[PDB]
Ligand SMILES: CC(/C=C/C=C(C)/C=C/[C@@]12O[C@]1(C)C[C@@H](O)CC2(C)C)=C\C=C\C=C(C)\C=C\C=C(C)\C=C\[C@@]12O[C@]1(C)C[C@@H](O)CC2(C)C
C-alpha cells in the first residue's frame, strides 16, 4: 500500500516504480496529520526558496529599487551572502517581522499543524479573488518548482563560497564557456 | 413652528430667539431631503476647511514631512496660496484623486443626497471601531468647529493677499503687538 | 438588453445607466451584436496589453534582445512606430504569420463565451469569474487607450521617448 | 478565573492559555484581586502614556515652552531624569498636588469597572468597547516598558538623547 499516493508532488521515475519517492521511508507508519505537517513544511521551505532565487534573478539582472535604508542604498548591498552584513540589521529584523505577521495571519488555528478541510500549503485566507486549492497538477507544478528553488538556493550559497565571491551568473557563464 | 429644531448646529443667540439662525429663510418651505443635503454640504465644506486650517497650523509651526515631490521638496512649498503654483500639479491632481476616491467610497448610494437611516455628514462606513453618529452635542461641536474653520481659512486667504504675503501668524502677532 | 450585469459594465454615478453606450450601438439589445462587440473589445484589449508590455519592458530600462535580427542591429531598433521600418520585413511577416496561425488554431466559437478562444484544457480556466472578466476588460481598455496615445504623441512630439515625455510633463 | 475574555488578555500562540500570568498572581480566580491589578495596570499605563508623550513631544524636535519656570530657564531643563532636579521643587510640588487632587476628585469606585475613574458624563464614554479597552491597556503597556527603558538606558549611556541613541543603534 502507498497511503500518500493521493497527495501532490509524487514523482514516479519509472512505470514500474513506486508512486512517490521515499527511499529512506520517512513517511512509513505516519498518520494523516504527520504527513500533512511534513508536506506543509515542504511547501513553506520551497516557497521561501522560490522567493530567494527570484531575488537572485531580479538583482542579478541589474534591477534594484531606489531604496535608501539609512546610510546604505540598494546599490551598496551585494548579491549573495555578503548582503547579510552589508544590509542594516534593522531591515533584516523588519523583514523577519513581516514574515512573522504573515505566519500569525495564516497559521492562527494550525500553528503549522493540520487544519481540517485545508490541504498542506493552502495558507492564503479564503477569498473569491484567490482560487486557493487548485487541482493536483498545479499543486505538483508548484511543489516541483519549489524543490528546484530549494536545490538552487543552496547551489548559489555553496558555490558563492567555493568560487570566492564570483557572481553566480558570471560563474555559470564561465563554467559553460559562454 | 421650526421644523429643523431637532437637527444639530442650531445656535440660539438669546433665550427669546429662534432655535436656529436663518435670517434669510434659506430653510423655509424645504423638505427633509433638501435640508438634509444642505446640512451634508455644510459638514463637508466645514471638514475640508478644518483640514485646511490644520495644514496651516502644522506647517506654520515649522513642521514638514521630508517629502520630495520630484525636484520640489516640502521646504520649497510656501505656506499659503503660493503653494498652488509652487507644488507640482501632479501632486495636486493626486490629492484631488484621493478626495474623489473617498467621495466614491462614501457617497455611492447618496451621491450627496439623503440616504435613509443616515444623518447628514455621517459618511464614515459603518464599523464597530468608529462610533459614527454620536449625540446632538458632539455633532454641534463638530459643526461649530467646522464653521470656525470655514471662517478662518477665508480669513487666511483674504489677508494673505491684503498683507502682501506676510505670514499669518507673524501678521497676527504684529496686529496684536505681541 | 441585459448589459448592466455583463463584465466591464461601467456605471459612472449611482444615477447613471448600468453600462455605457452613448451612441446606442446595442440599444436594441441584440445579444448577438453585443457578443461580437465584446469579442472585438476583448481581442483589441489583449493585443494592446501585449503591446504595452513590449513598450514598458524596453523603456526607460533599455532592455532588448542581444545580437542581430537578420543583419539588423537590435540596439538600432527604436521603441515605438519607428521600429516598424527598422524591423526587417521578413520578421514582421513571420510575426504576422504567427498571429494568423494563432487565430486559425484558436478561433471564436459561438457556443463559447466571447473572448474564450483558448482551447479547452484543465490547466486554463474558462471563462473565469466575472470579477476577472471585468479586470481583463478594464486592463485591456487601459492598454488600448495607452497604445493609441503612444502612437498619437510619438508623431506629435517628433519622436520623444514616452517615459521622457511623461517625466517632463509631470516634472519627475 | 474567567480572565481569558478580559481586556488585554494575550494568547501568544493558539495552544497558549487565554491570558498570561506565569507567576500565578490571579491563579485562584479571586475576581477582586484581578480587578485591583487591572486598575493598577491601567493607571500605570495611562501615567506612562502621558510621560511618553512628554518625552516624544520634546525630542528630537526641541520643542519646549518659551520663557522661564520660576527663575529657571526652560531651555536649560533637559529631557529625561536630568529634568527632575532642573525643574524647580515648587513646580514639582504643584504637579504632585494637581495629580493628588485628580486622584481625590476621581477615585476608583467598586461599582464601576477598573480604570473607569473619570466622573460620569454623557460626553465621556465609559467603559468603552472591549476593543478600545484592549487598545488602551496595550498602549499603556508599551508606554510603561518605554519609560522604564528610557530611565534604564539614560543612566547606562551616561545621558545620551534617546532619539540619538536609537538612531545610532539602528543606523539612521
Ligand atoms: C514596566 C512596568 C511594569 C512592568 C510589569 C511587568 C512586566 C509584569 C509582569 C508580570 O506581572 C505579570 C504581568 C504577570 C505575572 O504572573 C508575571 C510577571 C512577569 C511578574 C511599569 C512601569 C510604570 C511606569 C510609569 C507609571 C511611568 C511614569 C512616568 C512618569 C511619571 C514620568 C515622569 C517624567 O518623565 C517625565 C514625563 C519627564 C521627565 O523630564 C521627568 C520625569 C519625572 C522622569
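Chains as they are written, first to last, in the deposited numbering: chain B, 25 to 202; chain D, 25 to 202; chain C, 25 to 196; chain A, 25 to 196. Quick reminder that beta carbons are idealized off the backbone N, C-alpha and C, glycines included.
- Message: Considering only the alpha carbon of each residue, which of A:39, A:27, A:71 lies closest to residue 56 of chain A?
- Response: A:27
- Message: Is residue 75 of chain A close to ligand 1? I mean its beta-carbon at under 7 Å from any heavy atom of the ligand.
- Response: yes
- Task: State the DSSP-derived secondary structure class of residue 97 of chain A, mapped to helix, strand or coil.
- Result: strand
- Selection of the region 38-52 of chain A by Cβ proximity to chain B, strictly under 8 Å: 38, 39
- Query: Which of the three DSSP states, helix, strand or coil, is assigned to residue 115 of chain B?
  - Reply: helix
- Task: Would you mind working out which of D:125, D:196, D:188 sits nearest residue 37 of chain C, comparing C-alpha positions?
- Result: D:125
- Task: Taking C-beta pairs closer than 8 Å, name the residues in chain B that residue 147 of chain C reaches, listed in chain order.
- Result: 161, 162
- Query: At a cut of 8 Å, does the region 70-80 of chain C reach the region 166-182 of chain C through at least three beta carbon pairs?
  - Reply: yes
- Message: Once DSSP output is grouped into helix, strand and coil, what is the label at residue 139 of chain B?
- Response: coil
- Message: If I measure Cβ to Cβ from residue 115 of chain D and keep anything under 6 Å in the same chain, skipping five residues before and after, which residues do I get?
- Response: 93
- Query: In this structure, what does DSSP give as the bridge partners for residue 148 of chain C?
  - Reply: C:145
- Query: Listing by chain order, which chain B residues have their CB less than 9 Å from the CB of residue 134 of chain C?
  - Reply: Simply none; closest approach about 27 Å.
- Task: Measuring alpha carbon to alpha carbon, tell me which of B:100, B:129, B:45, B:52 ends up nearest residue 35 of chain B.
- Result: B:45
- Closest by C-alpha distance to residue 34 of chain C, when choosing among C:83, C:135, C:161: C:161
- Residues proximal to ligand 1 by C-beta, any heavy atom closer than 6 Å: A:45, A:46, A:47, A:49, A:68, A:71, A:72, A:75, A:78, A:104, A:105, A:107, A:108, A:168, A:169, A:171, A:172
- Whether residue 144 of chain D touches residue 76 of chain D by CB criterion (8 Å): no
- Query: Residues in the region 139-164 of chain C with C-beta within 9 Å of chain B's C-beta atoms, listed in sequence order?
  - Reply: 146, 147, 149, 153, 155, 156
- Task: Taking all protein chains shown into account, decide if residue 101 of chain A is buried (16 or more other Cβ within 10 angstroms of its Cβ) or exposed.
- Result: buried
- Item | Other residues of its chain near residue 96 of chain B: CB distance less than 8 Å, five sequence neighbours each side excluded | 110, 111, 112
- Under 8 Å between C-beta atoms of residue 152 of chain B and residue 153 of chain C: yes
- Taking 7 Å as the cut-off, does the CB of residue 83 of chain C come closer than this to any heavy atom belonging to ligand 2? This structure lacks ligand 2; its bound ligands are ligand 1.
- For a contact meaning CB atoms closer than 9 Å, what does residue 169 of chain D contact in chain C? The premise fails here: residue 169 of chain D is roughly 30 Å from chain C at the closest Cβ pair, so nothing lies under 9 Å.
- Per-residue DSSP class, three states only, for residue 196 of chain D: helix
- May I ask you to report which of helix, strand or coil DSSP gives residue 153 of chain C? coil
- Determine the extent of the alpha helix (DSSP H) in which residue 183 of chain D is found, giving its start and end residues. 160-187
- Task: Using a Cβ cut-off of 8 Å (strictly closer), state whether residue 169 of chain A contacts chain B.
- Result: no
- Item | residue 167 of chain D beta carbon less than 8 Å from that of residue 33 of chain D | yes
- Cβ pair residue 179 of chain A, residue 79 of chain A closer than 8 Å: no
- What residue from D:162, D:138, D:47 has the CA that sits closest to residue 145 of chain A's CA? D:162
- Closest residue to residue 81 of chain B among B:201, B:180, B:117 (Cα-Cα distance): B:180
- Task: From the DSSP output, read off the bridge partner residues of residue 154 of chain B.
- Result: B:151
- Query: Can you name the residues of chain B whose CB is closer than 9 Å to the CB of residue 196 of chain A?
  - Reply: 93, 94, 95, 112, 114
- Item | Contacting positions in the region 125-143 of chain B - beta carbon closer than 7 Å to chain A | 132, 133, 135
- Message: Tell me the DSSP secondary structure of residue 36 of chain D in three-state form.
- Response: coil
- Message: Using the three-state DSSP reduction, which class does residue 27 of chain C fall into: helix, strand or coil?
- Response: coil
- Considering only C-alpha positions, which residue in the set C:113, C:48, C:61 is nearest to residue 139 of chain C? C:61
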